[PDB]
>>> print(open('work.cif').read())   # mmCIF, C-alpha atoms and all ligand atoms
data_start
#
loop_
_atom_site.label_atom_id
_atom_site.label_comp_id
_atom_site.auth_asym_id
_atom_site.auth_seq_id
_atom_site.Cartn_x
_atom_site.Cartn_y
_atom_site.Cartn_z
CA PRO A 1 52.50 -90.92 61.73
CA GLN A 2 56.17 -91.44 62.45
CA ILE A 3 56.89 -90.31 66.01
CA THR A 4 60.50 -89.56 66.90
CA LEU A 5 61.66 -89.98 70.50
CA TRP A 6 63.55 -86.78 71.15
CA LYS A 7 60.63 -85.76 73.40
CA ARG A 8 58.01 -87.79 75.31
CA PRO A 9 55.54 -89.31 72.79
CA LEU A 10 52.36 -87.61 73.91
CA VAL A 11 49.18 -87.74 71.95
CA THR A 12 45.60 -86.59 72.36
CA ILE A 13 43.08 -89.26 73.18
CA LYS A 14 39.32 -89.28 73.51
CA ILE A 15 37.83 -91.57 76.16
CA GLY A 16 34.46 -91.48 77.84
CA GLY A 17 33.59 -88.31 75.87
CA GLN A 18 36.65 -86.52 77.30
CA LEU A 19 39.84 -85.33 75.62
CA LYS A 20 43.04 -86.14 77.47
CA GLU A 21 46.77 -86.23 76.76
CA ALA A 22 48.50 -89.62 77.11
CA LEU A 23 51.95 -91.19 76.79
CA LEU A 24 52.51 -93.91 74.16
CA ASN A 25 54.31 -96.46 76.34
CA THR A 26 55.80 -99.61 74.77
CA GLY A 27 56.95 -100.49 78.29
CA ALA A 28 53.39 -100.84 79.59
CA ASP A 29 51.37 -103.99 79.19
CA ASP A 30 48.12 -102.13 79.99
CA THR A 31 46.52 -98.75 79.50
CA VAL A 32 46.17 -96.66 82.64
CA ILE A 33 44.19 -93.41 82.93
CA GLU A 34 43.80 -90.94 85.77
CA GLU A 35 40.60 -90.97 87.75
CA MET A 36 37.46 -90.67 85.66
CA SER A 37 34.11 -92.34 85.36
CA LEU A 38 33.64 -95.21 82.87
CA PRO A 39 30.64 -97.43 82.13
CA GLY A 40 30.12 -101.05 83.15
CA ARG A 41 31.37 -103.37 85.79
CA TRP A 42 34.92 -103.22 87.11
CA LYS A 43 37.26 -105.30 89.20
CA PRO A 44 40.28 -104.27 91.24
CA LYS A 45 43.85 -104.80 90.07
CA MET A 46 47.31 -104.00 91.33
CA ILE A 47 49.87 -102.82 88.77
CA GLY A 48 53.57 -102.25 89.37
CA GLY A 49 56.67 -100.66 87.99
CA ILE A 50 59.28 -98.22 89.18
CA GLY A 51 58.35 -97.19 92.68
CA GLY A 52 56.15 -100.24 93.36
CA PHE A 53 52.42 -100.82 92.91
CA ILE A 54 49.17 -98.86 92.73
CA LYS A 55 45.57 -100.10 92.96
CA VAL A 56 43.34 -99.48 89.97
CA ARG A 57 39.90 -100.34 88.64
CA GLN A 58 39.78 -102.55 85.54
CA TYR A 59 37.05 -101.74 82.99
CA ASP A 60 36.61 -103.92 79.90
CA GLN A 61 35.52 -103.13 76.37
CA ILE A 62 36.24 -99.43 76.49
CA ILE A 63 36.54 -97.49 73.25
CA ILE A 64 39.31 -95.04 72.93
CA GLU A 65 40.35 -92.77 70.06
CA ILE A 66 44.18 -92.40 70.01
CA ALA A 67 45.54 -89.64 67.76
CA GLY A 68 42.50 -90.22 65.53
CA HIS A 69 42.67 -94.03 65.49
CA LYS A 70 39.88 -95.95 67.26
CA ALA A 71 40.60 -98.98 69.42
CA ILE A 72 38.72 -101.04 72.00
CA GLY A 73 40.11 -102.80 75.02
CA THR A 74 40.62 -102.90 78.74
CA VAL A 75 41.33 -99.63 80.52
CA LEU A 76 42.64 -99.33 84.05
CA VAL A 77 41.69 -96.25 86.08
CA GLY A 78 43.53 -95.02 89.14
CA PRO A 79 46.19 -92.73 90.60
CA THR A 80 48.72 -92.92 87.84
CA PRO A 81 51.07 -89.90 87.56
CA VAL A 82 50.53 -89.75 83.77
CA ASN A 83 47.89 -91.17 81.39
CA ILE A 84 49.46 -94.19 79.68
CA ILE A 85 48.55 -95.97 76.44
CA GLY A 86 49.97 -99.46 76.75
CA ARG A 87 50.49 -102.36 74.37
CA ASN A 88 46.95 -103.64 74.63
CA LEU A 89 45.80 -100.62 72.65
CA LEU A 90 49.01 -99.79 70.76
CA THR A 91 48.64 -103.09 68.88
CA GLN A 92 45.11 -102.15 67.79
CA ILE A 93 46.19 -98.92 66.16
CA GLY A 94 49.04 -100.70 64.35
CA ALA A 95 51.90 -99.19 66.28
CA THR A 96 55.39 -100.62 65.79
CA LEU A 97 58.89 -99.69 66.89
CA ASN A 98 61.25 -99.34 63.97
CA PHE A 99 65.04 -99.00 63.87
CA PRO B 1 63.85 -104.13 62.40
CA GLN B 2 60.14 -103.58 62.89
CA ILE B 3 58.98 -104.70 66.32
CA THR B 4 55.29 -105.27 66.96
CA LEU B 5 53.77 -104.99 70.39
CA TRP B 6 51.72 -108.13 70.84
CA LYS B 7 54.46 -109.33 73.21
CA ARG B 8 56.81 -107.25 75.36
CA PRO B 9 59.54 -105.66 73.14
CA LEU B 10 62.44 -107.40 74.78
CA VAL B 11 65.87 -107.33 73.17
CA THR B 12 69.35 -108.48 74.09
CA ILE B 13 71.77 -105.78 75.18
CA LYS B 14 75.48 -105.99 75.95
CA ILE B 15 77.05 -103.92 78.72
CA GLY B 16 80.37 -104.62 80.40
CA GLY B 17 80.88 -107.58 77.99
CA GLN B 18 77.78 -109.28 79.39
CA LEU B 19 74.51 -110.03 77.67
CA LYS B 20 71.27 -108.98 79.38
CA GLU B 21 67.64 -108.70 78.33
CA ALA B 22 65.95 -105.29 78.32
CA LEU B 23 62.65 -103.70 77.40
CA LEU B 24 62.50 -101.12 74.62
CA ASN B 25 60.53 -98.41 76.39
CA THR B 26 59.12 -95.31 74.72
CA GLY B 27 57.54 -94.38 78.04
CA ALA B 28 60.95 -94.00 79.72
CA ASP B 29 63.03 -90.84 79.47
CA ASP B 30 66.12 -92.73 80.59
CA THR B 31 67.74 -96.17 80.54
CA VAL B 32 67.58 -98.02 83.87
CA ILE B 33 69.31 -101.32 84.60
CA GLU B 34 69.14 -103.66 87.56
CA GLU B 35 72.13 -103.73 89.99
CA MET B 36 75.47 -104.33 88.30
CA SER B 37 78.98 -102.96 88.38
CA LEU B 38 79.93 -100.11 86.08
CA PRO B 39 83.19 -98.20 85.93
CA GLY B 40 83.83 -94.68 87.00
CA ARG B 41 82.12 -92.21 89.24
CA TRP B 42 78.39 -91.92 89.60
CA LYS B 43 76.03 -89.06 90.42
CA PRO B 44 72.70 -89.24 92.23
CA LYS B 45 69.37 -89.18 90.48
CA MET B 46 65.73 -89.55 91.56
CA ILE B 47 63.37 -91.11 89.03
CA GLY B 48 59.65 -91.73 89.07
CA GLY B 49 57.46 -94.48 87.80
CA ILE B 50 53.94 -95.78 88.19
CA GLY B 51 54.33 -96.45 91.89
CA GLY B 52 56.48 -93.59 93.15
CA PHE B 53 60.10 -92.55 93.21
CA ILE B 54 63.36 -94.37 93.58
CA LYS B 55 67.04 -93.41 93.88
CA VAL B 56 69.42 -94.59 91.24
CA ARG B 57 73.11 -94.22 90.36
CA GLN B 58 73.83 -92.25 87.18
CA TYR B 59 76.82 -93.33 85.08
CA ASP B 60 77.73 -91.29 82.02
CA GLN B 61 79.23 -92.29 78.66
CA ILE B 62 78.70 -96.03 79.09
CA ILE B 63 79.21 -98.23 76.03
CA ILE B 64 76.11 -100.37 75.43
CA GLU B 65 74.94 -102.42 72.48
CA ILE B 66 71.17 -102.69 71.96
CA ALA B 67 69.89 -105.33 69.58
CA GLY B 68 73.20 -105.15 67.74
CA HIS B 69 73.27 -101.31 67.54
CA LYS B 70 76.09 -99.47 69.36
CA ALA B 71 75.24 -96.65 71.74
CA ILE B 72 77.30 -94.69 74.25
CA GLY B 73 75.40 -92.77 76.88
CA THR B 74 73.87 -92.43 80.29
CA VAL B 75 72.86 -95.54 82.21
CA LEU B 76 71.02 -95.46 85.52
CA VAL B 77 71.47 -98.38 87.93
CA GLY B 78 69.04 -99.15 90.72
CA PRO B 79 66.00 -101.15 91.93
CA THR B 80 64.03 -101.23 88.72
CA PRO B 81 61.78 -104.29 88.29
CA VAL B 82 62.95 -104.72 84.72
CA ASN B 83 65.87 -103.48 82.60
CA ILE B 84 64.54 -100.64 80.40
CA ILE B 85 66.03 -98.91 77.39
CA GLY B 86 64.64 -95.40 77.36
CA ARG B 87 64.54 -92.56 74.94
CA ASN B 88 68.08 -91.32 75.63
CA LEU B 89 69.40 -94.47 73.93
CA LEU B 90 66.44 -95.21 71.63
CA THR B 91 67.29 -91.97 69.84
CA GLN B 92 70.91 -93.12 69.41
CA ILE B 93 69.83 -96.30 67.63
CA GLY B 94 67.38 -94.31 65.42
CA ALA B 95 64.16 -95.81 66.83
CA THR B 96 60.76 -94.36 66.01
CA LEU B 97 57.16 -95.27 66.77
CA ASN B 98 55.04 -95.67 63.67
CA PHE B 99 51.36 -96.20 63.05
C1 LIG A 101 59.68 -100.72 85.09
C2 LIG A 101 58.43 -101.46 84.57
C3 LIG A 101 58.34 -101.50 83.10
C4 LIG A 101 58.35 -100.16 82.41
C5 LIG A 101 57.28 -99.16 82.88
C6 LIG A 101 57.35 -97.85 82.16
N1 LIG A 101 56.34 -96.92 82.57
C7 LIG A 101 56.71 -95.53 82.51
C8 LIG A 101 55.55 -94.55 82.80
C9 LIG A 101 55.09 -94.62 84.21
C10 LIG A 101 54.37 -93.40 84.72
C11 LIG A 101 55.36 -92.53 85.49
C12 LIG A 101 57.91 -95.23 83.39
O1 LIG A 101 58.08 -95.75 84.51
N2 LIG A 101 58.75 -94.29 82.96
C13 LIG A 101 59.83 -93.77 83.80
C14 LIG A 101 61.07 -94.61 83.68
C15 LIG A 101 62.26 -94.10 84.43
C16 LIG A 101 63.09 -93.07 83.73
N3 LIG A 101 63.76 -92.19 84.42
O2 LIG A 101 63.10 -93.03 82.51
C17 LIG A 101 60.03 -92.30 83.43
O3 LIG A 101 60.13 -91.92 82.26
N4 LIG A 101 60.21 -91.50 84.46
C18 LIG A 101 60.43 -90.09 84.30
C19 LIG A 101 59.24 -89.27 84.74
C20 LIG A 101 57.89 -89.79 84.27
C21 LIG A 101 56.73 -89.04 84.93
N5 LIG A 101 56.80 -87.59 84.65
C22 LIG A 101 55.89 -86.73 85.03
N6 LIG A 101 54.86 -87.24 85.72
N7 LIG A 101 55.96 -85.43 84.77
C23 LIG A 101 61.68 -89.71 85.10
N8 LIG A 101 62.58 -88.81 84.49
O4 LIG A 101 61.89 -90.16 86.23
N9 LIG A 101 55.97 -99.80 82.82
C24 LIG A 101 55.07 -99.80 83.87
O5 LIG A 101 55.31 -99.21 84.89
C25 LIG A 101 53.87 -100.67 83.68
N10 LIG A 101 54.17 -102.02 84.17
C26 LIG A 101 54.08 -103.10 83.42
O6 LIG A 101 53.77 -103.05 82.22
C27 LIG A 101 54.37 -104.48 84.05
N11 LIG A 101 54.94 -104.40 85.36
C28 LIG A 101 56.31 -104.75 85.63
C29 LIG A 101 56.72 -104.63 87.04
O7 LIG A 101 56.99 -105.12 84.67
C30 LIG A 101 53.07 -105.31 84.01
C31 LIG A 101 53.32 -106.75 84.53
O8 LIG A 101 52.17 -104.65 84.89
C32 LIG A 101 52.63 -100.06 84.39
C33 LIG A 101 52.29 -98.75 83.76
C34 LIG A 101 51.44 -101.00 84.45
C35 LIG A 101 50.85 -101.36 83.12
#
>>> encode(input="work.cif", output="structure tokens")
Amino acid sequence: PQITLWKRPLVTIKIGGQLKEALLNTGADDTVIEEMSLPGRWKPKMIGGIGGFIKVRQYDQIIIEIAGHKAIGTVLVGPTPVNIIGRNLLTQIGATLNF
Amino acid sequence: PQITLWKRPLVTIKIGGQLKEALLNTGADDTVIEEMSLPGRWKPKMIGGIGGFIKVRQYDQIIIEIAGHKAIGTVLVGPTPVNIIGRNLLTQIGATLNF
């Protein structure tokens, strides 16, 4: 699709068997989802931006379906205000910014 | 241009006759720049990010060039970690997300 930017670019995702809404965020290095269970081992991480830092769990090799496009990568889980799809998964679905 | 997302989507901007680097950010409603001087009156604004909320100064109708494209619009100034070009100005330069 071509997504204009008049409104927040929200899409439906499927992760861990759950449907969620998430923000396509070219300003995020990483993908960050609100609290949920995921399989495998994890390690703690601190991630920052406006307002400072939050602590998250880092899970590797997680499959995600983003607006119908499957991708695999690292997913961070923690107390984010909004579910965020970052560049690590945007690249995998072929997303580009065009102007 | 077409900007891929394997690296951060950093571009050169010009504001107040000075060149700066900024992040093209689909996950930002607004454009937020690190401390600098801008002309005119400002109004207060609270904005939120991953870590919480910060206060910024809102300046209206500021001339800004983004990657060679001229925009005139609202610029927020405050303690952002990184200069970000948000959707208010991405729409002025005709940017879209495509996959
Ligand atoms: C400043 C740092 C770079 C840009 C920023 C954009 N993220 C978005 C989404 C964050 C969740 C809230 C953002 O802050 N957007 C703000 C920008 C400010 C603005 N006014 O536009 C926004 O739209 N805020 C809205 C509200 C958003 C939430 N709304 C809601 N919950 N209903 C607002 N009007 O205040 N990216 C990040 O915060 C990411 N940080 C990073 O990618 C890097 N960190 C640094 C410090 O560069 C990396 C080294 O970790 C996070 C997510 C970790 C991967």
>>> axis_aligned_box(input="work.cif", around="ligand LIG 101 (chain A)", padding_each_side="6 Å", output="lines of an AutoDock Vina configuration file")
center_x = 57.3
center_y = -96.1
center_z = 84.6
size_x = 24.9
size_y = 33.3
size_z = 16.9
>>> interface_residues(input="work.cif", of="chain B", to="chain A", cutoff="12 Å", atoms="all atoms listed in the file", output="MDAnalysis selection string")
chainID B and resid 1:10 22:34 46:56 66:69 78:99
>>> atom_distance(input="work.cif", atom1="atom CA of residue B:64", atom2="atom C4 of ligand LIG 101 (chain A)")
19.1 Å
>>> residues_around(input="work.cif", residues="residue B:41", least_positions_apart="2", cutoff="9 Å", atoms="all atoms listed in the file", output="number ranges by chain")
B: 38-39, 43, 58-60
>>> closest_residue(input="work.cif", among="A:72, A:36, A:45, A:16", to="ligand LIG 101 (chain A)", atoms="all atoms listed in the file")
A:45
>>> atom_distance(input="work.cif", atom1="atom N6 of ligand LIG 101 (chain A)", atom2="atom CA of residue B:13")
27.2 Å
>>> closest_residue(input="work.cif", among="B:77, B:19, B:11, B:62", to="ligand LIG 101 (chain A)", atoms="all atoms listed in the file")
B:77
>>> atom_distance(input="work.cif", atom1="atom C11 of ligand LIG 101 (chain A)", atom2="atom CA of residue B:76")
15.9 Å
>>> decode(input="work.cif", residues="chain B", atoms="C-alpha atoms", output="PDB file, in the first residue's frame")
ATOM      1  CA  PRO B   1      13.680  10.285  -3.306  1.00  0.00           C
ATOM      2  CA  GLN B   2      13.039   6.799  -1.984  1.00  0.00           C
ATOM      3  CA  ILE B   3      14.540   6.275   1.451  1.00  0.00           C
ATOM      4  CA  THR B   4      15.024   2.760   2.777  1.00  0.00           C
ATOM      5  CA  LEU B   5      15.131   1.992   6.456  1.00  0.00           C
ATOM      6  CA  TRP B   6      18.208  -0.141   6.957  1.00  0.00           C
ATOM      7  CA  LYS B   7      19.829   2.932   8.540  1.00  0.00           C
ATOM      8  CA  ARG B   8      18.154   5.806  10.382  1.00  0.00           C
ATOM      9  CA  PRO B   9      16.409   8.135   7.843  1.00  0.00           C
ATOM     10  CA  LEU B  10      18.483  11.180   8.617  1.00  0.00           C
ATOM     11  CA  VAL B  11      18.355  14.208   6.343  1.00  0.00           C
ATOM     12  CA  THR B  12      19.767  17.709   6.367  1.00  0.00           C
ATOM     13  CA  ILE B  13      17.348  20.489   7.240  1.00  0.00           C
ATOM     14  CA  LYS B  14      17.821  24.255   7.183  1.00  0.00           C
ATOM     15  CA  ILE B  15      16.202  26.496   9.788  1.00  0.00           C
ATOM     16  CA  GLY B  16      17.268  30.025  10.640  1.00  0.00           C
ATOM     17  CA  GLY B  17      19.910  29.826   7.841  1.00  0.00           C
ATOM     18  CA  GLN B  18      21.634  26.955   9.650  1.00  0.00           C
ATOM     19  CA  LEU B  19      22.010  23.365   8.576  1.00  0.00           C
ATOM     20  CA  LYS B  20      21.040  20.623  11.038  1.00  0.00           C
ATOM     21  CA  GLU B  21      20.468  16.880  10.822  1.00  0.00           C
ATOM     22  CA  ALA B  22      17.009  15.473  11.571  1.00  0.00           C
ATOM     23  CA  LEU B  23      15.167  12.175  11.559  1.00  0.00           C
ATOM     24  CA  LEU B  24      12.243  11.647   9.194  1.00  0.00           C
ATOM     25  CA  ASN B  25       9.705  10.278  11.645  1.00  0.00           C
ATOM     26  CA  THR B  26       6.352   8.782  10.690  1.00  0.00           C
ATOM     27  CA  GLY B  27       5.794   7.974  14.359  1.00  0.00           C
ATOM     28  CA  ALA B  28       5.789  11.673  15.318  1.00  0.00           C
ATOM     29  CA  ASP B  29       2.720  13.880  15.018  1.00  0.00           C
ATOM     30  CA  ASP B  30       4.882  16.995  15.231  1.00  0.00           C
ATOM     31  CA  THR B  31       8.352  18.319  14.428  1.00  0.00           C
ATOM     32  CA  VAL B  32      10.609  18.707  17.474  1.00  0.00           C
ATOM     33  CA  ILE B  33      14.053  20.308  17.433  1.00  0.00           C
ATOM     34  CA  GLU B  34      16.749  20.574  20.057  1.00  0.00           C
ATOM     35  CA  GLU B  35      17.273  23.984  21.784  1.00  0.00           C
ATOM     36  CA  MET B  36      17.802  26.855  19.372  1.00  0.00           C
ATOM     37  CA  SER B  37      16.606  30.401  18.875  1.00  0.00           C
ATOM     38  CA  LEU B  38      13.525  31.069  16.781  1.00  0.00           C
ATOM     39  CA  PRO B  39      11.761  34.353  16.177  1.00  0.00           C
ATOM     40  CA  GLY B  40       8.445  35.450  17.508  1.00  0.00           C
ATOM     41  CA  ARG B  41       6.220  34.402  20.330  1.00  0.00           C
ATOM     42  CA  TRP B  42       5.804  30.852  21.495  1.00  0.00           C
ATOM     43  CA  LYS B  43       2.980  28.921  23.124  1.00  0.00           C
ATOM     44  CA  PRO B  44       3.244  26.026  25.561  1.00  0.00           C
ATOM     45  CA  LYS B  45       2.809  22.417  24.567  1.00  0.00           C
ATOM     46  CA  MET B  46       3.151  19.059  26.333  1.00  0.00           C
ATOM     47  CA  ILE B  47       4.257  16.133  24.191  1.00  0.00           C
ATOM     48  CA  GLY B  48       4.702  12.457  24.934  1.00  0.00           C
ATOM     49  CA  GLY B  49       7.160   9.866  23.831  1.00  0.00           C
ATOM     50  CA  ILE B  50       8.347   6.417  24.792  1.00  0.00           C
ATOM     51  CA  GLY B  51       9.514   7.497  28.224  1.00  0.00           C
ATOM     52  CA  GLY B  52       6.941  10.051  29.336  1.00  0.00           C
ATOM     53  CA  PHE B  53       6.082  13.675  28.755  1.00  0.00           C
ATOM     54  CA  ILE B  54       8.075  16.809  28.214  1.00  0.00           C
ATOM     55  CA  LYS B  55       7.331  20.528  27.858  1.00  0.00           C
ATOM     56  CA  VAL B  56       8.262  22.239  24.649  1.00  0.00           C
ATOM     57  CA  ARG B  57       7.949  25.686  23.063  1.00  0.00           C
ATOM     58  CA  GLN B  58       5.612  25.891  20.063  1.00  0.00           C
ATOM     59  CA  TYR B  59       6.542  28.309  17.270  1.00  0.00           C
ATOM     60  CA  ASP B  60       4.160  28.722  14.354  1.00  0.00           C
ATOM     61  CA  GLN B  61       4.780  29.438  10.661  1.00  0.00           C
ATOM     62  CA  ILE B  62       8.512  28.741  10.739  1.00  0.00           C
ATOM     63  CA  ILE B  63      10.319  28.466   7.401  1.00  0.00           C
ATOM     64  CA  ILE B  64      12.217  25.166   7.218  1.00  0.00           C
ATOM     65  CA  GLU B  65      13.809  23.275   4.359  1.00  0.00           C
ATOM     66  CA  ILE B  66      13.840  19.474   4.612  1.00  0.00           C
ATOM     67  CA  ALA B  67      16.088  17.551   2.250  1.00  0.00           C
ATOM     68  CA  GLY B  68      15.813  20.422  -0.205  1.00  0.00           C
ATOM     69  CA  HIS B  69      11.984  20.722   0.044  1.00  0.00           C
ATOM     70  CA  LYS B  70      10.528  23.980   1.435  1.00  0.00           C
ATOM     71  CA  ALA B  71       8.010  23.825   4.258  1.00  0.00           C
ATOM     72  CA  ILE B  72       6.492  26.486   6.494  1.00  0.00           C
ATOM     73  CA  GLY B  73       4.845  25.304   9.674  1.00  0.00           C
ATOM     74  CA  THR B  74       4.893  24.521  13.346  1.00  0.00           C
ATOM     75  CA  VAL B  75       8.178  23.704  15.054  1.00  0.00           C
ATOM     76  CA  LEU B  76       8.444  22.580  18.659  1.00  0.00           C
ATOM     77  CA  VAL B  77      11.679  23.296  20.561  1.00  0.00           C
ATOM     78  CA  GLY B  78      12.693  21.434  23.679  1.00  0.00           C
ATOM     79  CA  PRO B  79      14.696  18.572  25.254  1.00  0.00           C
ATOM     80  CA  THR B  80      14.270  15.988  22.546  1.00  0.00           C
ATOM     81  CA  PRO B  81      17.136  13.491  22.239  1.00  0.00           C
ATOM     82  CA  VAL B  82      17.146  13.881  18.477  1.00  0.00           C
ATOM     83  CA  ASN B  83      15.773  16.389  15.952  1.00  0.00           C
ATOM     84  CA  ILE B  84      12.613  14.847  14.435  1.00  0.00           C
ATOM     85  CA  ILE B  85      10.573  15.812  11.404  1.00  0.00           C
ATOM     86  CA  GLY B  86       7.031  14.702  12.081  1.00  0.00           C
ATOM     87  CA  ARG B  87       3.894  14.318  10.093  1.00  0.00           C
ATOM     88  CA  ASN B  88       2.921  18.002  10.173  1.00  0.00           C
ATOM     89  CA  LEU B  89       5.881  18.726   7.868  1.00  0.00           C
ATOM     90  CA  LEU B  90       6.172  15.319   6.169  1.00  0.00           C
ATOM     91  CA  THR B  91       2.767  16.014   4.637  1.00  0.00           C
ATOM     92  CA  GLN B  92       4.012  19.380   3.330  1.00  0.00           C
ATOM     93  CA  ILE B  93       6.879  17.740   1.449  1.00  0.00           C
ATOM     94  CA  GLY B  94       4.508  15.039   0.052  1.00  0.00           C
ATOM     95  CA  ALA B  95       6.036  12.070   1.915  1.00  0.00           C
ATOM     96  CA  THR B  96       4.340   8.690   2.013  1.00  0.00           C
ATOM     97  CA  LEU B  97       5.184   5.264   3.388  1.00  0.00           C
ATOM     98  CA  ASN B  98       5.072   2.539   0.776  1.00  0.00           C
ATOM     99  CA  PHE B  99       5.351  -1.223   0.887  1.00  0.00           C
TER     100      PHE B  99
END
